[PDB]
Every structure is written in structure tokens, then in C-alpha cells.
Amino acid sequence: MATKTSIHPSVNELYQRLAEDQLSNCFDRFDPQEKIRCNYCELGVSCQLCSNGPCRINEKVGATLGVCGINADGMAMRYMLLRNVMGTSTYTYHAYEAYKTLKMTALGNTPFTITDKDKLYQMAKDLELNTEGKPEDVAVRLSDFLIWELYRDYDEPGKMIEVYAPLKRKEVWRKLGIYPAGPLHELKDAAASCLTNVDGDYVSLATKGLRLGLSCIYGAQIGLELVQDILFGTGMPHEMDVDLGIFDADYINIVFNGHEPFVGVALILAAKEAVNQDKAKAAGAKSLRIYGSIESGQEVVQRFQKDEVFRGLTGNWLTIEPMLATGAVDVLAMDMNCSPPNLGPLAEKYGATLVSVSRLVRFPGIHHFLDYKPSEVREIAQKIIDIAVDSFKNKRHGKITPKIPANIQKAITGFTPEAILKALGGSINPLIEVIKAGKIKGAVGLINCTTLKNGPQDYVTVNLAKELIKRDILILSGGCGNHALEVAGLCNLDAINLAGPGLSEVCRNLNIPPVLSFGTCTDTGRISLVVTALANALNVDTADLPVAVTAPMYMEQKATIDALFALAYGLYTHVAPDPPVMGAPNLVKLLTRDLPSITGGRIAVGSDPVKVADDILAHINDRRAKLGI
């Protein structure tokens, strides 16, 4: 087959139904695009930012510069920066909603509560906040403080970056002048820099991208993830079911899909009410069940158990169209990306009802708009159930043939920095010792999406992970790439048998898998806490550690903002497919060759799993040599 589908049997089975039903889908839509691909855009050397365009760089025809005078390096880095404003904006949006949700929870107007009170008070103490009064008082103060971090300008010093970044990185960032403003001002400044005839200097634009990455992690991601832990618990390792075989067509099936978990949690709470299970049964269903999809799903499985109501995680974004083709979904409730914009016809064909639960998410054919507000989430969740009951009765049951693949996989979800320390007996030292001894050569942060650009869904990701663990490299994973490895079975104890000799031994002694599910791409900041702990304990800089990052099937700028962060944090950062920059030679030289002398990090490229793994291992072994281990 000349059409890239998927490495996953479940998805290929459902692709077959979409094709038989003659429904458009991402896999098939790839092929027409291949007839007329623009190589200028592929290489980053086109521009559409003003009316003197559209421009292209082509020296042979005399088009060395854009009409305005910008060169290829400035052109490519500027559009990268602009797109990364979108990525930073999504993290900033999510963070603000988390903080408003914590505040309104403390004020009594949500179905949530303060669950991890120890984290709330420890964070408050680390931030030098007033901890007098009751937990609700402290939660309000924390929320307002973290909103201030979002809103801080160019000239007001941050506190989160001082608490959560390692010492030696701080001196690098001070020398380079890249301590960022809060993400709201930083993304506004970056967007303003990208307007025509403002910032046309590729070095400056790259520096602004590194600042944007730092602003996202310290100014949005770390606060939002810890606040979600305060609300919903800090994840600990537990068994979860994944893949599309978790569906049972005889139940009313509600799937929540996005990045923000608030609606999902509210749905689980509501579905556990006897009145709602009775509604489902009165409608002819066996009972009512909730399923998580993509990143919102992963947020929930990190912190919640499988039970009779919540059934597990469906898969990553390229599984959404196949998932509708099961003919088993009653409501798909969509809160952020990825909610692909041609789902309308598929929902109609397979008898599913689409519900947007964010003002961000709109596309043709959505039936219902229930935009999120914390004080309304209880009522939103109940309305979704009511919609699902009616949909089951009148759109799906007795009308739609279900086609649910048998594939279910088990994954150990819920690794957090706290889970790792517990597994090691309360200190990071045992991990340091197994690294020094060479049992584990190093560790990789796999922080990734999925795409079709460089292979069938998840092909590069899964095979690269297998090659890394064979080389005794431990993986901490987040994002759609984490869902892929979970579905592929790399996150359970059976996966120990795929690891090399040193990592297999450590995994068996600690009773952990060789791939540790750390959650979402929003958890890049949290993963940095583990790397920071290693750097602080060894008193070496992050750039000196035997680690690397890979986003090997990146799709959009949630992943690239995490890559820009990784570069600023000093790390070897592999990205595939190539970002649109390869036509800008001085920018390529900066990112791939010169950044080691600037931040310590560098971009690495390629889609061959074996070569990429060998290059990562070579970098790790170079770091090991310099450490004398």
C-alpha cells in the first residue's frame, strides 16, 4: 500500500471501514497533497506575511531577498516564531483556566475539591506565599500568584523560574539575556516582532524563540500541572487499559477529547451518580461509561483508576477518525486540539453526537456548544450525559453497526517525579548510581505528537523507542507519542523483555517499565523537574548530563515550543520530520552546530529509527566520557 495508515492494527482495521464507507480521512487526504507539494514551503523559504508577497527565496532567478529585504534565514525563523506564538498561546490559555478553576473551586463553585493539600502548602512555602488561614485561602493566593506569573512584563523578575530551574542554567540564561517575561507579554512581543519590517534578524528571532520556550515552561506549564495535581491528585503508577478495544457498544459511551481535563473529571463524577446510570439503563443501555482521548484523556489516566465507569484511554489524535468509525461513540466532547475539522460527516455516518466544550473549538457540523466556565462545569457535564442518553436512543442504538477492534493493551500510567522518588526509596541516588555504573546509559525525554509526514501513524515513534530501550536508554514519555507507546505495549512490565541488559535489570529490580508515562506535552515542565533533580544532585549543568529529548513525529507547535525550551535548557533535541527551516543555511548552522557553544543544546534531525537512536546514544556516551563514567 502506497498510503501511509498506521502501525496499530486497530487503526488499520478502522481505516478499512472509513475507506469502504467512502468517508474522507487524514490517511487518504495525504495522497492528493503529494501531487503538488510546494518545496519552497517545505524548506521554509516562502512568506505570506504582507501584501507585497507572497514571496519566495530563489537566488537563481534573482529572488535573493523578499520584497521588504528579509533574507532566507530571517524568513524561516520568523514564521517558526509566529507559529510558536500559537503553541505558547495554547499553554497560556490552559494555565489561566487551571488557575481560575482552582480559585473557583476554593470558593465552592465547582464539583472539584482541594485534593493534594500537601502540594498546595509546599508550593506556597516554596513561593514564599502567606500560608495562614485555611486551605481555600492558600489556594486563592496561589492562583493569584500564578496568574501574576502569566501576566508579568519584561521588567518584573519571575519567581517560578528561580524555584524550579537548576542553578547552572540560571547563569547561562543571565549571560545570554533570555530570562523571559510572563508568557502573555512574551507571546505578544514575539508576535509583534514577526510583523513585516520589525524583526528580520534570524539570530534575534531564534533568541526570541528560546525565550518563548522558557516562558512557556516556567510561566505556564509547571504551575498548571501542579495546580491540576492540587485539584485531582498527584499521579502514582497504576494499571490502565488503552486502545480502541476498550469500547463496548451496549453502553452509553462518552469520550472526552482535548488537553484540559476539567470537563472529563466532571463527567466521571456525574456518571458515578446512580440517577445517571439509571437513565442509561432506562434507555436500553447496560450502563454509562466515560473514556478519555488524547491529552485530556492522558491527564485523567495519570491520576485516576480504571473502574466500572471510567474505562481508559483511546489513543492519540490520528485515532479520532477511526474511533468514530467504531460506531460505538455517543458523545465526543472536545475541549481543545486535536479536534480535526472534518469530523462532522463521520459523526453523522456513525451515529455520534459532537459537543464542543471550549470557545476555541469550532468546525462544521457540531451539534452543541457548551463553552467551559468553572462555575458551570457541573451543569455542562450533566447536559452532556443528557445529550448522550438521547443520542444513544435515537441516533445509534438499533441503527448503527458497531465494529470495535479486539485490541486492548495494558499500560502503567501515572509516573511523576514523586512516583520516581518513591520507587527509588525516597532519594534520586539509586538512579544516579545505576547511571554511573552503566546499567542505564542515559535517559531520553520523548515529548511528541503524531503525524503522517514521516511515516504511518506512530511508526517512527514506536520503533525509535524500541531502539532506545535496546541500547539501555530509559524513556520518560509525554504527549501523543506517549499514547502511541502505551498502545504499542512499551509501558507495561512485559516491555522489560524489549530492553537491553542493563535497563532490563534495573526495571526488574525497581518493578517499573522501560518507558515511564509522564503524561502530556504540557508535562515537559514536570519532566524538567526530574532532569533538574539529576543536575542538582550531581552538581553538573543540564547540558552535561547523559540525556536527550526527541519529538520524532512532531505535528505542531505544542511540540516545537517544548523543543525550543529543550534547546534553551541545554539539551540535544531531536525533531522529526524536519521543521520548515532547511532552506535557510545560516539558521540551520545556528540550530544544529553553533547552539552548543551558546545554550549547550542543539537540534538533531532524521527519521530512521536506528540512526536516530545511534546518534542519541553517541551524544549520551560523549556526555558520559566527559563525566568520567
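Residue numbers here begin at 1 and follow the sequence given.
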| item | value |
| --- | --- |
| 28 to 36 set against 563 to 571, stretch whose average Cα temperature factor tops the other in the entry | 28 to 36 |
| Mean temperature factor over C-alpha atoms, higher-scoring stretch between 613 to 621 and 15 to 23 | 15 to 23 |
| Which of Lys119, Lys439, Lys188, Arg83 ranks first by CA B-factor in the deposited coordinates | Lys439 |
| Selection from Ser504, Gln221, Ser193, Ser356 [criterion: highest C-alpha temperature factor in the record] | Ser504 |
| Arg56 - which third its CA temperature factor falls in, relative to the rest of the chain | lowest |
| Modelled-residue ranking by C-alpha temperature factor, third containing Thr450 | lowest |
| Third of chain Cα B-factors occupied by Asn509 | highest |
| CA B-factor placement of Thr524, once the chain's modelled residues are sorted into thirds | middle |
| Ranked against its chain, the third holding the CA B-factor of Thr105 | middle |
